[PDB]
There are 2 protein chains.
Amino acid sequence: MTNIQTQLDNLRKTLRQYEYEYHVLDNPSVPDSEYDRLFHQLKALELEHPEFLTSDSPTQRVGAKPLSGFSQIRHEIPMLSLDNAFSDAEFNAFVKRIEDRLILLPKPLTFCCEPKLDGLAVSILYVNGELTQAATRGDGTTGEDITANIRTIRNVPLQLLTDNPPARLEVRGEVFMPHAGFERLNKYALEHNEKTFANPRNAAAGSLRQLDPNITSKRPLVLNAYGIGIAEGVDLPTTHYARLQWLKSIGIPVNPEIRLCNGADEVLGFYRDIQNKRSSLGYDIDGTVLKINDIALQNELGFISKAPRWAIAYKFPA
Amino acid sequence: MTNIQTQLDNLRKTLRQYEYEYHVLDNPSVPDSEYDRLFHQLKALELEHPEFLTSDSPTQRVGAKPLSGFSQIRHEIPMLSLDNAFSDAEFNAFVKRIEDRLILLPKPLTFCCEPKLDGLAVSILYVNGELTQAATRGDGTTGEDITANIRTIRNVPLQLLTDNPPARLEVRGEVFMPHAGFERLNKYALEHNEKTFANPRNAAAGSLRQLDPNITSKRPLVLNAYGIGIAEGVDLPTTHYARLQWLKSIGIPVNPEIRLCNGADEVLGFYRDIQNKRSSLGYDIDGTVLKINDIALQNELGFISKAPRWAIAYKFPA
Ligand SMILES: Cc1ccc(Cn2cc(C(N)=O)ccc2=O)c(C)c1
Ligand SMILES: Cc1ccc(Cn2cc(C(N)=O)ccc2=O)c(C)c1
Ligand SMILES: Cc1c[n+]2nc(N)[nH]c2nc1OC(C)C
Ligand SMILES: Cc1c[n+]2nc(N)[nH]c2nc1OC(C)C
């Protein structure tokens, strides 16, 4: 044991906890200045004693070197797409269909309802709690390695906040740029004669395809996690909402507008509530994602491969 | 001009026309013996005058050499999958959803209704009327080159029956083995101590993965065409049924049980009619494929990429 190893370990733990309070809980226990005081003390100490510098320390989010290009990543589990609806009657038809298709329809049928963010879909792998790899969705099968860019995102933890992290955990979600950051970036680009962005979605996509993480780091990007891919060495909750609460409890940012709704009429109330809230959120949303909350019912329902909306195979019973 | 070139040209035309009457129309104008008399006269003449032998002649369906292996074919247009239903209420929900999702719902909403064959999905390319390539569906993106095996199928024309074939035409359909052939094959395999097949679907799949076309040729395989892929140098009909009638009119086999039905209740009548007919068809069917007949309505509805049945994105209107 040495005093400087202990000071480093204490500063790192303290800083990860404050980043959690600030970014995930939206309830910081100390002022921004106090966080910075400790951050730059950690940074100086690590540079004065480099033998003790760690790759997942809060000070190591930004690579000092711009990349030459992006490698490809074939996802182990494919990143699927989402069906869509444009009316209450259409949503009601989707529910009526699940009601008939299920062996046993429960009373109530609970949905996990979320706002649909307007950003870039990503997959982030944590190995024994440490962020090791991140990829874009791409076509759902293969994407680009954006690990160095994802590491710059302030609300993305480099280490999971648990003493018993899973062996492997892949977090799925959306990277977006809130309104305030987007307006600041466009003002800056105008004041320093550069390319302005038409909308927050374009600003987030453009920021994530930067080969220099030093540029990505200056872009006000945020992650909201909405799912899990690989999950080894853990018993994941049996409802979708509980899995999201579990990600939030181990350091991963999740949207605070997510609710449970029993039946189609409550879900439509959520849709309407979120639709009126649109003007006050501070980031863009295209709609709402409504998911069957029970994982066993999701597994029973399964998925539909790339197919027409204009055809169906009415199969005969045995 | 020579008398033998003219005799060859006349025999070939006559034989293709009789194969059409026999296989597509199910209305042969001559006995089987008359067809064979002309077939073996053509075959002897071609062997006596090999300079005039053509690769698409009715006598050249079977390659004399077994293949070493199967090459891969990436489809130019992906081969999609089909959504499914297991009840009237579920089918009715699928229709209710199309009714709401369409800009303008026509009165009536016409469906092209077909039996769902229980075979192997294939893609067959004709270049200026000549069969040049055939592939299995595989995963919908890449499949295997089974040209030599597809050429052995008696009801598959090596040449389209039209003087103005399209520049390129890809026919999509199912290869299956009728009951009579399946029962004969299993009796033969038992009488010559060999592998028997559990069902016609397995017998068709196993027959198409034979590297020796001489073995495939002895398997009683049939094609029923249900769609079009590539279509260059032609104005395809604007309804699905008319496209199928057009394939039938240029030499391609299509199922005779296909009908047009106006609205969900007529479609369910078709489903019931086909369900009672099951015991009398002479080949296996899993259900019925019900498709929106108007191509512009299909195009408007589009497709759903690989997605869950347990989630939906209810999008906000502009
Ligand atoms: C100078 C400075 C330092 C920190 C922050 C924001 N912030 C605050 C905390 C905190 N309060 O625990 C933790 C992480 C973080 O990123 C800003 C905007 C500016
Ligand atoms: C010996 C023999 C010859 C032909 C056939 C069947 N058949 C008949 C015709 C025909 N009638 O125009 C055309 C093609 C064809 O395949 C069988 C079963 C047996
Ligand atoms: C593509 C996608 C996008 N989103 N967005 C949310 N909120 N959830 C969600 N889930 C998705 O996909 C899973 C349902 C497969
Ligand atoms: C896979 C498939 C299978 N089947 N079978 C029939 N009869 N039609 C049909 N259409 C298909 O696909 C298109 C609708 C894309």
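Cβ sites come from the backbone with ideal geometry, for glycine too, and all protein chains shown count toward neighbours. Any read-out appearing in this document is the output of simple, stated calculations on the displayed coordinates, not a laboratory observation.
General remarks:
- Helix-only [θ]222 nm of chain B, DSSP H runs n ≥ 4, -39500 (n - 2.57) each, per residue, nearest 500: -10500 deg cm²/dmol
- Efficiency of FRET from Cβ geometry, B:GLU21 and B:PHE52, R₀ 41 Å, rounded to 0.05: 0.95
- Among A:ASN149, A:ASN202, A:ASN193: highest mean-square fluctuation, GNM of chain A, C-alpha pairs under 10 Å: A:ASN193
- Taken about its Cα centre, segment B:180-318 carries a charge dipole of about 380 debye when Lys and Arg each add +1 at the Cβ and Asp and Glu each add -1 at the Cβ.
- Taking GluC sites (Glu not before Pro) as exposed when their DSSP state is a loop state and no more than 11 other Cβ atoms lie within 10 Å, the longest site-free interval of chain A runs over A:195-318.
- Counting from the shortest, the label point at B:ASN214, 7 Å from Cα toward Cβ, is 7.1 nm from the same position in each remaining copy.
- Nearest-first distances (nm) between copies at A:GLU194, label 7 Å from Cα via Cβ: 7.2
- Proximity of backbone amide H atoms, modeled 1.01 Å from N, is registered between A:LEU131 and A:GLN159, A:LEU160 at under 5 Å, excluding neighbours fewer than 5 places apart on the same chain.
- Candidates A:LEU236, A:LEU131, A:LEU221: whichever shows maximal mean-square fluctuation once chain A is modelled as a Gaussian network with Cα springs under 10 Å: A:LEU236
- Percentage relative contact order, chain A, counting C-alpha pairs under 8 Å, at least six apart: 23
- Here the label points at A:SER29 and B:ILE77, each 7 Å from Cα along the C-beta direction, are separated by 6.3 nm in the simple model.
- Normalised by the number of residues in segment B:1-59, the average gap of Cα pairs under 8 Å and 6 or more apart makes the relative contact order 39 percent.
- Residues of segment A:271-303 with an amide N closer than 20 Å to a point placed 7 Å from the Cα of A:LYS187 along the Cα-to-Cβ direction: A:280-284.
- Gaussian network model of chain A, Cα within-10 Å springs - most flexible of A:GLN159, A:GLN133, A:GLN17: A:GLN17
- In order along segment A:254-265, the phi-based Karplus estimate (6.51 cos²θ - 1.76 cosθ + 1.60, θ = phi - 60°) of 3J(HN,Hα) comes to 10, 5, x, 8, 5, 9, 9, 9, 9, x, 3, 5 Hz; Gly and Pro are listed as x.
- Anisotropy class of segment B:179-285 from Cα gyration tensor, a/c 1.5 cut: oblate
- Cut-off 11 Å (backbone N to label point 7 Å along Cα→Cβ of B:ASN199), residues of segment B:266-284: B:284
- The alpha-carbon of A:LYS65 sits under 22 angstrom from the alpha-carbons of these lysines, leaving out residues fewer than 8 places away in its chain: A:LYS43, A:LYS218.
- For A:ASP26, inter-copy label distances in nm, listed shortest first [label point 7 Å out on the Cα-Cβ vector]: 6.6
- With the cut-off at under 12 Å, measuring from each backbone N in segment A:99-113 to a point 7 Å along the Cα-to-Cβ line of A:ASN262 picks out A:107-111.
- The slack in the chain from B:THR132 to B:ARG154, taken as 0.36 nm per residue of separation less the alpha-carbon distance, amounts to 6.3 nm.
- Cα→Cβ-extended label distance, 7 Å offset, between A:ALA64 and A:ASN299, nm: 4.9
- Look at the Cα gyration tensor of segment B:133-243: its axes a ≥ b ≥ c give a/c of at least 1.5 with a/b over b/c, and that counts as prolate.
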